[PDB]
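First up is the structure itself, then whatever we jot down about it.
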Amino acid sequence: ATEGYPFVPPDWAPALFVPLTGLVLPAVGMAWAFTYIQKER
Amino acid sequence: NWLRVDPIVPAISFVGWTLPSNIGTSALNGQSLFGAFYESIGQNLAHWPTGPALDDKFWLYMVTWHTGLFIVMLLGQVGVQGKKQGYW
Amino acid sequence: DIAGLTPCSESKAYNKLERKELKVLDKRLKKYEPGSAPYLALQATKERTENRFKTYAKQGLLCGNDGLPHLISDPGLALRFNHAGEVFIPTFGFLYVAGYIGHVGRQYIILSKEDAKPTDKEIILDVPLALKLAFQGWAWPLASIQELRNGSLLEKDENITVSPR
Amino acid sequence: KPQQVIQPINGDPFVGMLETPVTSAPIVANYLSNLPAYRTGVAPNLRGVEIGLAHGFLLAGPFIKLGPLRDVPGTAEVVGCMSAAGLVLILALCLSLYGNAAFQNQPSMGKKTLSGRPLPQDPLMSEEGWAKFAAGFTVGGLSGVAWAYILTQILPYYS
Amino acid sequence: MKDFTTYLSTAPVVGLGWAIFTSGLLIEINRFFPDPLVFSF
Amino acid sequence: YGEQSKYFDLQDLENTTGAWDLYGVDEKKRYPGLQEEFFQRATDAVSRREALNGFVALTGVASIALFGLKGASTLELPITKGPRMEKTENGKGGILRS
Amino acid sequence: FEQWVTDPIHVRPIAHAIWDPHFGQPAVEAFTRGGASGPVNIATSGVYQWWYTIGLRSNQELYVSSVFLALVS
Amino acid sequence: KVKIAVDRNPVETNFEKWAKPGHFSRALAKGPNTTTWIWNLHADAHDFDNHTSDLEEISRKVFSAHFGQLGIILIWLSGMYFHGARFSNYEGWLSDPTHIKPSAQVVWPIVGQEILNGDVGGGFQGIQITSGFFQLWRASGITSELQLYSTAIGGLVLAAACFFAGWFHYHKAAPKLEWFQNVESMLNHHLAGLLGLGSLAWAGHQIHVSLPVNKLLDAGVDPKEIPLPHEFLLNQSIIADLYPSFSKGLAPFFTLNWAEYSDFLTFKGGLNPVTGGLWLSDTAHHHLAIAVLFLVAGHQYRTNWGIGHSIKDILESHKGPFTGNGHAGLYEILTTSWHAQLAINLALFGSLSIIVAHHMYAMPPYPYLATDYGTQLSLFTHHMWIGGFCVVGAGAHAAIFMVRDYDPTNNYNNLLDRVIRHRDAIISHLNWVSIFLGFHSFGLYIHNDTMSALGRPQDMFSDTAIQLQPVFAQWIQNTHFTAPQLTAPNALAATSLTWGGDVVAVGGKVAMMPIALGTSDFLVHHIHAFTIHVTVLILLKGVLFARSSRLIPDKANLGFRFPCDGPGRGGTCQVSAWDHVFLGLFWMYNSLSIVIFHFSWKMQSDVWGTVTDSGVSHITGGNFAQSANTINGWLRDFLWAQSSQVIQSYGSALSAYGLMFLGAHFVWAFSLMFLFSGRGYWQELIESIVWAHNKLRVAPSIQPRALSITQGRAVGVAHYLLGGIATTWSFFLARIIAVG
Ligand code: CLA
Ligand code: CLA
Ligand code: CLA
Ligand code: CLA
Ligand SMILES: CC1=C(C/C=C(\C)CCC[C@H](C)CCC[C@H](C)CCCC(C)C)C(=O)c2ccccc2C1=O
Ligand code: SF4
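Residue numbers (PDB author numbering), protein chains in the order written: chain I, 68 to 108; chain O, 42 to 129; chain F, 68 to 232; chain L, 44 to 150, 152 to 203; chain J, 1 to 41; chain H, 36 to 133; chain B, 75 to 147; chain A, 12 to 751.
Right under this line is the structure:
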């Protein structure tokens, strides 16, 4: 993009990025942490 | 575990027939409390898609008659089992 | 006229506050007959208000931008200007009584400790010795100074319970 | 003849339960023993199919009826169903996580049904058995969500 | 009298006598004299 | 166990500790026989916990990415619709910024 | 930031856009402050005044600053 | 069998035990070595169980303790009557109750307090009272201050008699244990005698005294020319014109012609439109029927003449198969434990005080009480809080009985033992219903707050949006409104105007108007049910786990009020039942605070107000149906829309309420030291202060010690409760005085 070439933001960037980091990222964090704390030995 | 718990005996279903004979056709106000209940369930069946409203008198007769019934079957069960066990 | 505070005798907001208080006090006066006892109480309240406003003025008191009198706390400034009556003389006035209570409590503690089971004396007070010490505590700073020099006031820490850190 | 209805389980006053008519009723015992989660001889995936079907059929209802788009006609019945499917997927993920967590070890002590006769091991109490159970749960939940969806399309009454 | 005045000498009564004395003293000072602010004699 | 008063024997400690399945039966294949293999083949590709955790995550991240990008603005969610004309000015005590 | 540079006393700073799917239709409209189109949040951190004071004018320079600080992180 | 067993002169009357303050406890009889001796002295002062193990001396002690409390209450009542006789405007208030605010406390002009002598009208200045004593003195026919003086002097005489009675019945003639154990005689004498005789005496006083005075008062006759009640009592001619049935002269009573008494023993539903209170004829027939019901119920038990009922037989005969032994030993417990009877009596007293508050807010039984919004609000809130306190104390003393007086010998398979047996099931089910009620009440509130905040009011739980209509309460309202039509045909109108169709108003202000119930009332009522279920969970868990628990099996041997069993098992802090009561006090405080907030908001928004020609305008804008569904709506439209008069009360008659408000804020905030903190830090700080006092030789002989952990918790809960109660008291009274 013009004058915004580092880390170019599309118009659908918030509408796509917000649900992964509020939905998918906490889910992966929860599952990874739950497998961590429940790991035996 | 002695599956006779809450003993299902048809003798205590007879006491459920005395209350429609006692409350019903016993004059008092109007015709009877059970008679008024019969009239109420009669007119309530006309509006099948809907139900009784807040201003309707059906709930009063229904609740009073049903607590009277529950009281009489509870007391009949208690008496008829205290007779058998020795509790009187 | 220090720190930008006008004297209370020549302050417009002080007189406006006095007029406002007289107005609301006289507002309640119209609801009672003049020969009634609430009228006499309201009249006495108004007289006490007027006497307080008069006595607060012409006494060196000053105020600034609020109509409420201010107090000068710095010694010297309250001595060169006539403001020692605000806090300078009440300072020694309180300290005399504060040292009075501390001295009579100390003498009662010392007198009770040289007695069998002294813990009972704290919950079972004795009247003649406490009242004698109460009336023998006017010269508290004179007793405090003489005990300070000779070690009877203080105690060396070799008989004082100290923390084990 | 006192009719001591309230008694401890197996005549044992030392453990948690006491045999009570909420528990000792033949109708309640027969209904609970015939529930899929207590059919020990049946494979855990066949357990999960019925359990997920029932739970995914029930979970669609509140989402359609009280969803944010409930006032929009025609679209509430699809939004509620896909949100129910997402909830079923979340519950399947948590079920798989529980299967990983609770069956990393091996149980050594049996269940001991009344008057003895215990089977070797419940396949539900195993790792791969609970994984199959969660697989049956998510398949049943998805099929139940789709069934509640098509029941909201063809209808003689309401939704 | 001795048996009663021993009870009279305990702390709750002393908790009143000092309280009554000091309270009444301050009431009479605030009553006969008006409300002052400055100790200018 | 439970002869006249005893509740412990140390050789059938499965009965001693109180481990009892109050509701447990061992009746196998209660559903009809043709019904199992339709669902047994349904589970076998997702029976492994690795296949199931991946599939839930596969339907998870894809549908989450579908929402907002394609999921929003088709349901007319009130986040990607835009304003008409509201809230340009702010400040009731004056100053009137923006 | 450009609108703040043109008029600091009038235009308000903006921190980040608000994409909350649980927002209602009045909620989206009532948060387009600072002369924006979408729902945005008014910045009170003071970085607008600081960056206008140190000579940052265009958002290209802020983009270069962001990528440089990400590189140094 | 029942007789009067009395021991004469067991205790000498002397100040020997007054000389030594620590004499009831052998641990405190040594001396005050530490500063905790004083707190143990004032704490174990009335704990008569550890003073001695003899039940007879404990019974004598509590008998004279009740005598002393009765004398104290009689002194207080005599003082209130004297205040109404001397410093009051009761004569002015009688001639004008709708325009002159009641006042019975007169302050001194000593230091600026003359602003507190508010202009209450009638040429009188003083503190505007809120107890409603003027309404009571108008119901019970009282005209002049001479009668109030006589009542005050009689109350002082009876208080002196009660104190002398306590001294006599302890020091001079103390009853034995068998005298106190005559439970059947006690019940018969306090059913037929106390309650029945008092009800009959009050009915007679209302019929012969209060009815003519109240009949002449609402007719416009000035009280100066109203005849004194002794003229009505002696002369049948004066009482005959006001009530024609008195011309018969007790003929219909003995000839069974009670229908002729339908003029002054009426059965009317509603309130008197002239005054706003209940009809005095209705109250006369009410108290007469209550006297009848208590005279017949007071002859039930068997004491000395064969006939009657034996309570042990009644308890042991009611045995049902799911309960095993049915009420088998409870007669033995309740005849030997003072704390069990204390728990029962305190629980029933607290619940009945709650009923008293609800049924005074519902039907005002006093003339010019409904329009006096301050008296009604104060009575409701005060009896609300007293009932809550009595219930919490009932739980506390039940736990004390559990710890001390409970023994396993008499109870094997009875109801108490089986309640002990399945206590975990009860606690778990109560926790489940606790979580369920908490979620679908408070989460509903939070969801409504969120949908309001998200700009979606159509997704809220309100009347405009999807609603939770309280159909059962509205059906009960409709049934009670239509109850005089069919089920009670002899009633003139509905028993209360909560569910009526008409609005009564005295002096241009609404006395009582019909109350509409919506989604907000549903939410607040289920919030109340949740909060009460939590508090009863805490109290019942404290009672049940006081003896033993899975954590601490030997909690019985550790006493009732102990701080902890140490940091073992992860820390067993607050494990005692005393700490359970300590938490239940706060939960009570939250419950009753929300209850009285609901009462004040609902009554100010839908009942209280000033009637106009063009409809009825309430105190608020009728915003309870629109703002009580959200927490922010509750806050802004109740605690912020009101309390604007408390902050601006300065310089006015109600500035003392603002001072009390801020002092209550201080005490409520000061309590959190004793709540959050512990003892070791405070003990070390006290050690440093002790070193400071040791340096210059002012060391006290009594060692200064920090407060005990139970002592610190008690101080914290006491300061917290006092601050919260005074906060709500000041806010409620200032709002209802400056507006109502
Ligand atoms: C008369 C006895 C007496 C004396 C001489 C002292 C002296 C002292 N105390 Mg102590 N104190 C006392 C009683 C006394 N205290 C009592 C009864 C309490 C409990 C309330 C305390 C609580 C206390 C604390 C918590 C602290 C001190 C501190 C101090 C020091 C600061 C001076 C001061 O005013 O403290 C302020 C003192 C108080 C606020 C306590 C006021 C209580 C009243 C006035 C005492 C009543 C005593 C009684 C009238 C005597 C009986 C008279 C006799 C004829 C019967 C000083 C060493 C401070 C310190 O360590 O400084 C280094 C400190 O932190 N004291
Ligand atoms: C019909 C007879 C009668 C009456 C009226 C009462 C009345 C009362 N009893 Mg009871 N009592 C009775 C018989 C009676 N008793 C018998 C037979 C026994 C033995 C089994 C007891 C044993 C007993 C105990 C153990 C206790 C009471 C208590 C009380 C008081 C409870 C306080 C209350 O509720 O507020 C009502 C308050 C009032 C009405 C205030 C007026 C009080 C007047 C002066 C009492 C007059 C009633 C009296 C019986 C008259 C004869 C006494 C005579 C020697 C002077 C109340 C006054 C409690 C107590 O100690 O209080 C005294 C208590 O704990 N009672
Ligand atoms: C029918 C009424 C009644 C009776 C006869 C008793 C009798 C008893 N209770 Mg119970 N109790 C009651 C009501 C009653 N209580 C209520 C309503 C509560 C709830 C608050 C409690 C809570 C309670 C607990 C938690 C405990 C008792 C205990 C006791 C015993 C000793 C009490 C004692 O020595 O206090 C001594 C008296 C005091 C400490 C004075 C009270 C001062 C309070 C804390 C502050 C009052 C402030 C006041 C309201 C406003 C003043 C403001 C201030 C600025 C001046 C005794 C068996 C204790 C026990 O060991 O039982 C065997 C015990 O642990 N009770
Ligand atoms: C207002 C203050 C407050 C609140 C909210 C709580 C909350 C709680 N206390 Mg407590 N309590 C407090 C102060 C408070 N406490 C204080 C000061 C004391 C000291 C006296 C106590 C004493 C006390 C005792 C003695 C007991 C409790 C219990 C409870 C629980 C009751 C749960 C319930 O039924 O409600 C429902 C739940 C709530 C109200 C919590 C908020 C729920 C909101 C609406 C969120 C809804 C779901 C949400 C969307 C999920 C978020 C997901 C996110 C992670 C992504 C809960 C954990 C009791 C308990 O353990 O449960 C039986 C209990 O026995 N508390
Ligand atoms: C502050 C505090 C203390 C310290 C408090 C103590 C030692 C009590 C102090 C009581 C005082 C001495 C009562 C008297 C108060 C004033 C002296 C009264 C003044 C009256 C005027 C007229 C002078 C504890 O000991 C404690 C223990 C456990 C939990 C929390 C706490 C806690 O929070
Ligand atoms: S912090 Fe206090 S109450 Fe808790 S275990 Fe320790 S000593 Fe006991």
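For every residue, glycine included, the Cβ atom is placed at its ideal position computed from N, Cα and C.
Assigned secondary structure, residue i (DSSP; H/G/I helix, E/B strand, else coil)
i, result
"A:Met524", "coil"
"B:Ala91", "strand"
"F:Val171", "helix"
"H:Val96", "helix"
"F:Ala183", "coil"
"O:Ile49", "coil"
"residue 762 of chain A", "Within the shown structure, residues of chain A are numbered from 12 to 751, placing residue 762 of chain A beyond reach of any answer."
"A:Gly103", "helix"
Contact set between residue i and chain B, taken where Cβ atoms lie within less than 8 Å
i, result
"H:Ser108", "Correct list: empty, because the minimum Cβ distance to chain B is about 11 Å."
"H:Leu112", "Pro95"
Chain-ordered neighbours of residue i on chain I, where CB pairs are closer than 9 Å
i, result
"B:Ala91", "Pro81"
"H:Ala100", "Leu83, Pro86, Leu87 and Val91"
Residues that residue i contacts on chain A, provided the C-beta gap is smaller than 7 Å
i, result
"B:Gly98", "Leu465, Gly466 and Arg467"
Residues that residue i contacts on chain B, provided the C-beta gap is smaller than 7 Å
i, result
"H:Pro118", "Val102, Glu103 and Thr106"
Delimiting residues of the beta strand (DSSP E) encompassing residue i
i, result
"A:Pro186", "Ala184 to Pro186"
"A:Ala16", "Where A:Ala16 is concerned, there is no enclosing beta strand (DSSP E), given that its DSSP letter is neither H nor E."
"A:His629", "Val627 to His629"
"A:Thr141", "First-last for A:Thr141: undefined, no H or E at that position."
"A:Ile607", "That residue, A:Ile607, is in no beta strand (DSSP E); its alpha helix (DSSP H) goes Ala588 to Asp617."
"A:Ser559", "Looking at the DSSP string, A:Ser559 is not in any beta strand (DSSP E), and its letter there is neither H nor E."
"A:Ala516", "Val515 to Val517"
"B:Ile116", "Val114 to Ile116"
Contact set between residue i and chain A, taken where Cβ atoms lie within less than 8 Å
i, result
"L:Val48", "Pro332 and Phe333"
Residue i: first and last residue of the uninterrupted alpha helix (DSSP H) it sits in
i, result
"H:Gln75", "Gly68 to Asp79"
Beta-carbon neighbours of residue i, restricted to chain J and to distances below 9 Å
i, result
"A:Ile736", "Simply none; closest approach about 25 Å."
Contact list for residue i against chain L, beta-carbon separation under 7 Å
i, result
"H:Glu71", "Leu89"
Under 9 Å from the C-beta of residue i: neighbouring residues of chain A
i, result
"J:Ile29", "The premise fails here: J:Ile29 is roughly 10 Å from chain A at the closest Cβ pair, so nothing lies under 9 Å."
Chain-ordered neighbours of residue i on chain H, where CB pairs are closer than 8 Å
i, result
"L:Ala135", "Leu87 and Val91"
Within chain L, the residues that residue i reaches when beta carbons sit closer than 8 Å
i, result
"O:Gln126", "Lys44, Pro45 and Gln46"
Chain O residues whose Cβ lies nearer than 7 Å to that of residue i
i, result
"A:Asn489", "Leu95 and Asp96"
Neighbour list for residue i in chain H, Cβ cutoff strictly below 7 Å
i, result
"I:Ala94", "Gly95"
- Any heavy atom of ligand 8 nearer than 5 Å to the CB - residues listed: Ligands present in the displayed structure are limited to ligand 1, ligand 2, ligand 3, ligand 4, ligand 5 and ligand 6, and ligand 8 is not among them.
- Message: Give the list of continuous alpha helix (DSSP H) stretches no shorter than 4 residues that lie fully inside the segment 189–240 of chain A.
- Response: 194–199, 208–216 and 222–228
- Message: For a minimum of 4 consecutive residues, which ranges assigned as the alpha helix (DSSP H) are wholly contained in the segment 342–403 of chain A?
- Response: Within the segment 342–403 of chain A, the complete alpha helix (DSSP H) runs of at least 4 residues are 349–373.
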